[PDB]
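A quick write-up on the structure given underneath.
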Amino acid sequence: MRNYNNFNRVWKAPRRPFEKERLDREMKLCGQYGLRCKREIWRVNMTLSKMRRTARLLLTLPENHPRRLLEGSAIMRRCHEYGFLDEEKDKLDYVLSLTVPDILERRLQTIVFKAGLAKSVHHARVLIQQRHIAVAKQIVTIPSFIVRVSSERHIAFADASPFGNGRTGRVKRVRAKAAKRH
Amino acid sequence: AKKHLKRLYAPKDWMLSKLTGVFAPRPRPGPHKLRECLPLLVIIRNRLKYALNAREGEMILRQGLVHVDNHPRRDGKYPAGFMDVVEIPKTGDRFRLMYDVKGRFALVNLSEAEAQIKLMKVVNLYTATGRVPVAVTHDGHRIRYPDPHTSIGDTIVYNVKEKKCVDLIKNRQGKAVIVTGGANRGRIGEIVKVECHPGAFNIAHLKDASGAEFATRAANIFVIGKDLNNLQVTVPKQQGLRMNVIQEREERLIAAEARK
Amino acid sequence: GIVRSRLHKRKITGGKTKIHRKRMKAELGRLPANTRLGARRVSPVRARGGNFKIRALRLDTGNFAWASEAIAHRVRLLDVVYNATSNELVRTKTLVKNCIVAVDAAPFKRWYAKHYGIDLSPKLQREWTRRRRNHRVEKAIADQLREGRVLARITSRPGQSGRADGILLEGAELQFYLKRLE
Amino acid sequence: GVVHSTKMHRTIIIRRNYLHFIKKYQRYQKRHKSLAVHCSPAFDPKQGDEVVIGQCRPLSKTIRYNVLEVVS
RNA sequence: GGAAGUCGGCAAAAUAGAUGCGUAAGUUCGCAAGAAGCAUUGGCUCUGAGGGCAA
RNA sequence: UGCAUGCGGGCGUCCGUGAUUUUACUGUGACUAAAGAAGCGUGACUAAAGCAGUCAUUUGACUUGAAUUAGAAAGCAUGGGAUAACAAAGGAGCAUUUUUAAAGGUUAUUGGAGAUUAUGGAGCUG
RNA sequence: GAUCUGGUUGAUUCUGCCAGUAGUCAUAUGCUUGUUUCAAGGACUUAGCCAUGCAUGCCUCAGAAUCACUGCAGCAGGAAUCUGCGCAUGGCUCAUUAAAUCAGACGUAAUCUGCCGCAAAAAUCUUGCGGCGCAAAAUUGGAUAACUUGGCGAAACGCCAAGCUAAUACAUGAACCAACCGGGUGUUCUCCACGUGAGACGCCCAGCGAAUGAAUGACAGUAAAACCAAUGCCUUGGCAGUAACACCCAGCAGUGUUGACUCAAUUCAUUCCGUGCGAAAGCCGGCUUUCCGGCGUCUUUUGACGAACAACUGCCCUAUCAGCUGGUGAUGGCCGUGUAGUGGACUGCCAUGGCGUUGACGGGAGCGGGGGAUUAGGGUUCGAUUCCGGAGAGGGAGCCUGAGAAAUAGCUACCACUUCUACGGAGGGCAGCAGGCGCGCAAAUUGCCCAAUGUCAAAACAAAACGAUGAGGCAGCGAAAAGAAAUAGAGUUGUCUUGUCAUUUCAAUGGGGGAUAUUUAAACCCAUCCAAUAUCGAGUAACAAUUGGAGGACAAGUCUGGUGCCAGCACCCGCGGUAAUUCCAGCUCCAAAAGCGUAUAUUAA
Ligand SMILES: [K+]
Ligand SMILES: [K+]
Ligand SMILES: [K+]
Ligand SMILES: [K+]
Ligand SMILES: [K+]
Ligand SMILES: [K+]
Ligand SMILES: [Mg+2]
Ligand SMILES: [Mg+2]
Ligand SMILES: [Mg+2]
Ligand SMILES: [Mg+2]
Ligand SMILES: [Mg+2]
Ligand SMILES: [Mg+2]
Ligand SMILES: [Mg+2]
Ligand SMILES: [Mg+2]
Ligand SMILES: [Mg+2]
Ligand SMILES: [Mg+2]
Ligand SMILES: [Mg+2]
Ligand SMILES: [Mg+2]
Ligand SMILES: [Mg+2]
Ligand SMILES: [Mg+2]
Ligand SMILES: [Mg+2]
Ligand SMILES: [Mg+2]
Ligand SMILES: [Mg+2]
Ligand SMILES: [Mg+2]
Ligand SMILES: [Mg+2]
Ligand SMILES: [Mg+2]
Ligand SMILES: [Mg+2]
Ligand SMILES: [Mg+2]
Ligand SMILES: [Mg+2]
Ligand SMILES: [Mg+2]
Ligand SMILES: [Mg+2]
Ligand SMILES: [Mg+2]
Ligand SMILES: [Mg+2]
Ligand SMILES: [Mg+2]
Ligand SMILES: [Mg+2]
Ligand SMILES: [Mg+2]
Ligand SMILES: [Mg+2]
Ligand SMILES: [Mg+2]
Ligand SMILES: [Mg+2]
Ligand SMILES: [Mg+2]
Ligand SMILES: [Mg+2]
Ligand SMILES: [Mg+2]
Ligand SMILES: [Mg+2]
Ligand SMILES: [Mg+2]
């Protein structure tokens with residue numbers, strides 16, 4: 001009562017629950033990017049649908065429309081900043097060509113694996129959730145963290161991590177305590 | 001009747017966060033309208049940051065440390081409004097409540113010898129007992145012998161000390177004007193013409209410094225000078241010129257990148 | 001109690017309004033004064049805003065004006081002789097606004113004598129002559145003054161202000177009520 | 001409005017005809033409103049005449065307007 | 001108290017004038033209907049309304 | 001406190017007289033509480049959020065930010081007049097100007113103010 | 001993502017529904033839940049009934065203390081009580097309600113308006129002493145609480161009598177200092193006249209507000225002269241001028257506002273009772289008829305906060321609802337009454353109006369929006385519920401006080417229900433917060449706190465010295481809903497490039513246990529850490545994921561047992577009568593996943 005903290009959904013279920021083409025394609029993405037559940041794909045689907053819905057509305061307007069100029073600039077700025085689109089493509093029409101792998105390639109889990117800090121995408125997932133990856137000296141434990149292009153060079157092992165410049169992990173520490181007792 | 005003011009129902013210009021509380025300080029009756037004022041508690045706490053909460057605001061205000069129009073105001077629900085001079089002599093603060101070009105309250109720092117001067121717009125003229133002419137201003141002042149040339153809509157230049165009128169600015173074409181209501185609140189332009197509609201709202205057509213045309217109702221304008229160059233008051237940073245939204249966004253992005 | 005609201009009234013369509021609130025103090029009415037001739041009896045009424053209305057139950061004298069002379073005098077009310085609302089108000093000697101009453105004519109005769117020097121200091125003699133020059137008096141008014149009773153119209157509201165002021169009938173209005181009083 | 005009835009004393013009924021737009025069907029309806037208007041004896045309007053009416057204080061149960069001008 | 005009387009409310013009791021509201025099933029639409037019911041009535045002193053004939 | 005006063009046309013302000021044109025539509029503009037919906041900016045670890053905050057790193061900057069929108073119909077001002085609407089008429093049911101002179105029949109100005117007069121303007125006819 | 005699929009036939013092509021499908025801050029129910037963030041939460045049915053407790057009080061330097069109150073030695077603090085303000089806000093709920101309420105847009109010149117802002121104020125023969133005179137910083141009066149005494153009563157948010165004493169309670173009352181202005185007058189007196197005369201002096205009145213009359217509250221389409229009485233001038237007969245005005249004021253309003261006014265305001269006459277008007281006859285501070293400041297109050301006035309009224313356009317279904325209104329108001333008129341004010345709001349009289357198929361009247365379901373869901377678009381649907389508006393406090397009515405109530409943790413009465421009692425009598429109103437009981441498919445703690453947000457108020461905070469607040473906040477409960485996110489990761493060798501299987505080796509991390517601590521009003525969560533000299537912990541990582549399915553729609557078995565048109569499944573088509581792709585099981589597989597089914601509504605389809 002009298003609480004005005006807003007909240008909204010970030011994903012939707014597919015209209016057809018059992019479509020073999022969609023099931024196989026989503027199984028490919030889950031295995032390829034190490035996703036926990038289909039909800040992560042559907043969250044990406046909603047993000048894309050909102051971006052394309054915005055783009056389609058703007059592309060309807062005349063090219064000199066002030067709203068198209070302002071929001072079209074913002075949409076392109078966001079896509080370039082987060083790495084969804086390359087800097088070569090600057091027209092609003094290229095937002096409509098974005099696909100699910102484009103966003104999934106920008107997740108911290110994929111970026112960590114591609115950067116060589118992890119042997120696999122599954123190794124990357126556990127490294128992130130175990131407080132081993134830092135973006136600009138900030139520990140990030142969210143696999144779905146979308147990495148900006150500017151922050152991509154600042155990804156490394158956390159200074160407080162055993163793999164960075166921190167103390168030894170649990171198994172080494174417990175082994176040392178057992179050795180001291182023994 | 002009504003003693004409370006829900007924070008959602010409070011004016012948005014007060015910059016009160018919806019999650020901080022259910023209520024807002026309800027302005028008392030006074031110089032300014034409830035919808036067109038800024039209560040002292042908001043000024044001393046949410047804007048000047050001198051008080052961290054309402055308890056400290058009461059400490060400051062009920063001591064008489066805050067002067068409005070050269071008078072100690074001990075009520076945090078006192079409605080301060082447009083052209084009011086706020087002084088805190090112990091900290092050397094002197095502000096005038098103005099509207100920025102976005103229609104929000106701005107605290108314009110005042111020097112000495114100009115915090116003594118307040119511009120008041122004449123809203124009504126009448127005759128009191130003994131056949132004395134009285135001019136009622138936008139801030140509730142009643143002046144018992146104004147300039148004989150004073151008309152409704154004119155601005156009286158007033159000295160808060162000595163309680164004396166010092167000048168009169170008439171509401172005519174070509175005069176500098178600031179808008180105190182509507183979508184154009186805070187903008188400054190010259191009166192190119194006034195469209196008169198008897199029994200209804202008169203329309204004033206204005207032209208800012210850049211040459212852009214805009215219009216408001218005649219009740220929303222406030223004569224502030226002979227011309228745009230000669231203003232009798234000190235205005236905020238934007239000088240009343242509304243920048244293009246797209247141009248403003250690009251400039252802010254460039255400035256942010258420059259600091260980075 | 002007594003209500004001045006329109007809720008109980010039929011709509012212009014003849015419909016019965018379904019009242020869905022209780023009676024309010026703001027829409028109240030009160031019983032009439034029914035002021036009658038007699039020794040002055042007055043009852044205050046605390047009205048809205050804390051102000052007082054003077055409900056006159058009985059009145060005997062009043063401040064009556066001679067319009068053509070721009071003067072007034074406090075004279076005694078002799079009888080009420082006509083009432084445009086009902087004959088039963090004349091019969092009960094009820095004083096309301098616009099009812100025709102007979103008032104004492106002695107003060108008006110005295111003022112006329114002392115102002116114009118006419119019965120119905122040499123400087124005052126010249127003053128009388130100057131006042132008479134352009135002055136003319138209606139014969140109907142003068143005839144009534146000689147008789148001792150003049151007809152006047154009540155111009156105040158006794159049930160509101162508690163006083164019965166009035167104005168002497170002159171000209172066409174005097175002839176109108178003289179016809180309706182034979 | 002246009003004078004509709006002059007049967008009362010010093011009072012007339014005028015009718016204001018207008019088109020109301022129905023959004024769903026993108027079309028209009030013909031609608032009317034009837035007003036009781038006090039008519040001063042300075043005017044002698046007949047049924048079908050167009051008049052200009054101004055808002056005044058409540059003069060009766062239904063009268064809120066006064067005739068200001070008559071156009072034949 | 002109120003039909004327990006008696007074959008049976010027989011006999012008696014009861015209702016009543018005028019005026020204003022109001023009046024159900026059914027009906028051949030005419031009625032049913034004075035349906036049923038609910039109110040008011042005196043005396044006195046007044047006030048309105050309802051006309052004729054002349055100039 | 002005379003301490004005062006001076007070195008032919010077009011405006012804009014208010015009155016008085018003089019034949020009358022709106023509305024729908026469309027473009028601009030006003031006037032329109034928030035919350036909610038779009039949306040700018042912002043690595044609250046991300047996000048749902050929030051309107052915060054950011055940067056120097058000696059006591060403070062950013063004369064910090066919190067932009068903009070949409071919101072039914074109806075009401076308000078103004079521009080356009082194609083398509084339409086409302087009203088009127090029903091066509092004999094109808095309608096010249098300008099010079100001049102002469103004839104007739106309760107205004108300023110006379111130093112105010114109160115009568116009285118006459119003189120002309122100006123209209124009214126011929 | 002502007003989408004469809006199964007079932008009518010021996011096959012075909014249609015129409016057409018049934019069924020399937022996705023969402024819902026839509027609820028309920030079942031099964032299952034390791035973290036973490038954010039949240040709805042007795043609306044639906046019974047505006048049903050309620051035990052108990054708490055929800056509105058307020059004191060500064062600055063209204064009134066002689067507590068027979070406490071410290072110090074008159075100074076402080078001061079329980080009670082009178083006085084002043086508030087309790088008409090907030091909170092709750094959605095029963096009533098369709099020319100109503102409400103929304104946007106207007107109006108009140110038809111009105112009221114405490115607290116708050118800016119202002120205004122010259123009426124009002126009072127006091128002391130003496131005997132009308134003399135003087136002046138006005139040294140005013142009577143009560144009543146608390147308290148004491150006696151008490152009454154079973155009690156009662158029940159009472160009586162007597163005795164004390166306060167005021168910013170109540171009442172009374174202030175001359176001169178102290179002005180300007182105007183109207184009546186006198187058989188007053190001085191002058192000029194030979195009276196539209198001029199002066200004084202005397203006398204009645206002349207303040208704000210209110211009442212009734214009378215004026216003003218402007219002008220804004222014609223130029224010239226003559227004569228008469230009064231009168232201004234220049235001059236000693238004229239008309240050059242020229243604000244106005246018979247001094248003491250030679251300019252001390254010839255000029256309010258609006259679109260509009262019978263309004264503002266001014267002048268004249270008369271009136272003003274108690275139902276108006278103190279410099280509260282007030283209280284505190286500093287510097288010392290000492291004068292400076294602070295705030296407190298009466299009255300007048302207009303801004304502000306409001307209140308009340310009016311209504312331009314709009315607002316569901318229903319004709320198996322077609323007429324409605326008008327004794328006793330329906331539509332309009334007149335004079336009144338009443339109101340704060342307009343008004344058929346109401347008395348009297350008058351006239352027949354007024355509304356309705358463009359749906360009146362009646363009936364049905366509904367609080368109204370802002371907004372929610374769903375949505376290519378158009379639409380459909382929900383809105384008891386945070387904000388705004390309205391309305392109510394068991395059901396009706398009525399009312400006092402007050403600026404504001406037709407108030408309900410105010411009063412009065414009746415009805416229903418109900419509590420205490422000593423039988424004579426006295427009480428009650430949770431649709432406030434917790435809690436019960438019922439009702440139901442259906443909805444939490446008789447918790448902590450005023451730390452924040454506000455409200456009230458004699459009030460900044462502090463100092464012997466902490467205002468109240470179930471508004472509100474914080475926790476508990478809470479898979480309504482929303483966000484993030486664990487249940488493992490890297491290899492080794494062997495076996496059957498990748499990929500299975502066994503074992504076999506490394507690290508890592510939380511769930512959890514704790515803390516020098518942090519947070520917090522205090523706690524609790526979340527964050528930080530497992531030495532900084534110095535700090536616990538996974539291998540079956542038993543720290544063990546579920547919910548539905550496997551003929552088709554629709555992803556996934558022609559598997560193995562059992563049953564044998566039985567049991568049962570099956571939203572629909574259908575399966576089951578001994579070799580069941582469908583039941584009951586096992587295994588394996590499929591879908592979603594800390595979630596997944598079911599029912600009922602609703603949107604799409
Ligand atoms: K004290
Ligand atoms: K309406
Ligand atoms: K008057
Ligand atoms: K009337
Ligand atoms: K508090
Ligand atoms: K089998
Ligand atoms: Mg107006
Ligand atoms: Mg007679
Ligand atoms: Mg009987
Ligand atoms: Mg028998
Ligand atoms: Mg027998
Ligand atoms: Mg018989
Ligand atoms: Mg019948
Ligand atoms: Mg019968
Ligand atoms: Mg009968
Ligand atoms: Mg928002
Ligand atoms: Mg067939
Ligand atoms: Mg078949
Ligand atoms: Mg066959
Ligand atoms: Mg944890
Ligand atoms: Mg925990
Ligand atoms: Mg009291
Ligand atoms: Mg209340
Ligand atoms: Mg309330
Ligand atoms: Mg006085
Ligand atoms: Mg007044
Ligand atoms: Mg009829
Ligand atoms: Mg009236
Ligand atoms: Mg929602
Ligand atoms: Mg609602
Ligand atoms: Mg309900
Ligand atoms: Mg609730
Ligand atoms: Mg109520
Ligand atoms: Mg009540
Ligand atoms: Mg209660
Ligand atoms: Mg009750
Ligand atoms: Mg409760
Ligand atoms: Mg539940
Ligand atoms: Mg609460
Ligand atoms: Mg832990
Ligand atoms: Mg917490
Ligand atoms: Mg299949
Ligand atoms: Mg078998
Ligand atoms: Mg969960």
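Values in this text are rule-based calculations from the coordinates and carry no lab data. Neighbour counts run over all protein chains shown; Cβ positions are idealised from the backbone, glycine included.
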For the stretch B:109-188, max minus min Cα coordinate along each principal axis, in Å, sorted largest first?
-> 41, 30, 22
Separation in nanometres of the label points that stand 7 Å from Cα toward Cβ, at residue A:96 and residue B:70 = 6.8 nm
What is the distance in Å between the Cα centres of the stretch B:65-88 and the stretch C:107-153?
-> 66 Å
Span per principal axis, largest first, for the Cα atoms of the stretch A:18-160 (Å) = 51, 42, 21
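Got a sec? How would A:94, A:4, A:33 order by Cβ neighbour count within 10 Å, fewest to most? The partial results should precede the final answer.
Numbers: A:94 16, A:4 10, A:33 22.
By the 10 Å Cβ count, ascending, the order reads A:4, A:94, A:33.
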The simple spin-label model distance between residue A:77 and residue C:92, using points 7 Å out along Cα→Cβ, in nm, is 8.4 nm
Go through the stretch B:79-159 and name the trypsin sites (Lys or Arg not before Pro) that are in a DSSP coil and have 12 or fewer other Cβ atoms within 10 Å of their Cβ.
-> B:90, B:131, B:144
To the nearest 20 debye, what is the magnitude of the charge dipole of the stretch A:10-132 about its Cα centre, counting +1 on the Cβ of each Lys and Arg and -1 on the Cβ of each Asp and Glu?
-> 700 debye
Restricting to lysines and to Cα separations under 20 Å from residue A:91, and discarding same-chain partners fewer than 8 apart, the set is A:50
Taking amide H positions as placed in the peptide plane 1.01 Å from N, state which residues far from residue B:139 in sequence (5 or more) or on other chains have amide H under 5 Å from it.
-> B:121
May I ask you to work out the translational diffusion coefficient for the protein assembly as shown at 4 °C, viscosity 1.567 mPa s, via Stokes-Einstein with Rh from the Kirkwood sum over Cα pairs, reported in whole µm²/s?
-> 36 µm²/s
Stretch in chain A that is longest and holds no GluC sites (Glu not before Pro) that DSSP places in a loop and that have at most 11 other beta carbons within 10 Å = A:89-182
Over chain C, what number does the Rg to Rh ratio reach, with both radii from the alpha-carbon atoms and Rh per Kirkwood?
-> 1.14
How big is the gap, in Å, between the Cα center of the stretch C:28-70 and the Cα center of the stretch B:220-260?
-> 65 Å
Here the relative contact order (percent) of chain A, from C-alpha pairs under 8 Å and at least 6 apart, is 15 percent
Estimated D of the stretch B:112-260 in µm² per second, where Rh is the Kirkwood radius over Cα pairs and Stokes-Einstein applies at 25 °C, 0.890 mPa s | 145 µm²/s
Which log10 I(q)/I(0) values, to two decimals, does the stretch B:220-260 give at q = 0.31 Å⁻¹ under the Debye formula with one point per Cα?
-> -1.08
Rounded to the nearest whole number, the per residue volume of the convex hull around the C-alpha atoms of the stretch B:1-73 in Å³ is 103 Å³
With the Cα gyration tensor of the stretch C:74-169 in hand, convert its eigenvalues to equivalent ellipsoid semi-axes via √(5λ) and list them largest first in whole Å.
-> 32, 13, 11
Note, ³J(HN,Hα) from phi for the stretch A:145-153, Karplus 6.51, -1.76, 1.60, rounded to Hz, x at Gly and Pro | 3, 7, 8, 6, 4, 5, 7, 5, 7
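Can you give the calculated 222 nm mean residue ellipticity of the protein assembly as shown, where each DSSP H run of n ≥ 4 adds -39,500 (n - 2.57) and the sum is split over every residue, rounded to the nearest 500 deg cm²/dmol?
Details: 15 runs with 160 residues, N = 696.
After summing the helix terms and dividing by residue count, I get -7000 deg cm²/dmol.
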Gaussian network model of chain B, Cα springs within a sub-10 Å range: biggest mean-square fluctuation belongs to which of B:136, B:192, B:22?
-> B:22
Residues whose modelled amide H sits under 5 Å from the amide H of residue D:53, counting only those 5 or more places away in sequence or on another chain, are D:68
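Just to be sure I understand: if I project the alpha-carbon convex hull of the stretch B:41-132 onto a plane and average over all orientations, what area do I get in nm²?
Working: hull surface 31.9 nm².
Convex hull of Cα atoms, orientation-averaged projection: 8.0 nm².
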Return the distance in nm (one decimal) between the two label points of a simple spin-label model at residue B:259 and residue D:43, each offset 7 Å from Cα along Cα→Cβ.
-> 6.6 nm
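What does the net charge come to around residue A:46 if you take all other residues with beta carbon closer than 9 Å to its beta carbon, with K and R at +1 and D and E at -1?
Details: positive: A:9, A:12, A:43, A:50; negative: none.
Every neighbour counted, the sum reads +4.
Per residue and in Å³, how big is the convex hull formed by the alpha-carbon atoms of chain B?
On the way: hull volume 46.9 nm³, N = 260.
Dividing the Cα hull volume of chain B by its residue count gives 180 Å³.
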Under-5 Å amide H pairs with residue B:221, H placed in peptide plane, nonlocal only = B:180
What is the P(r) of the stretch D:1-54, as percent of Cα-Cα pairs per 10 Å bin from 0?
-> 23, 44, 18, 12, 3
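How high is the relative contact order of chain D? Use alpha-carbon pairs under 8 Å, at least six apart in sequence, and give a whole percent. Display every interim value, and only then the final one.
Details: 146 pairs, mean separation 21.7, N = 72.
In percent, rounded to a whole number, it is 30.
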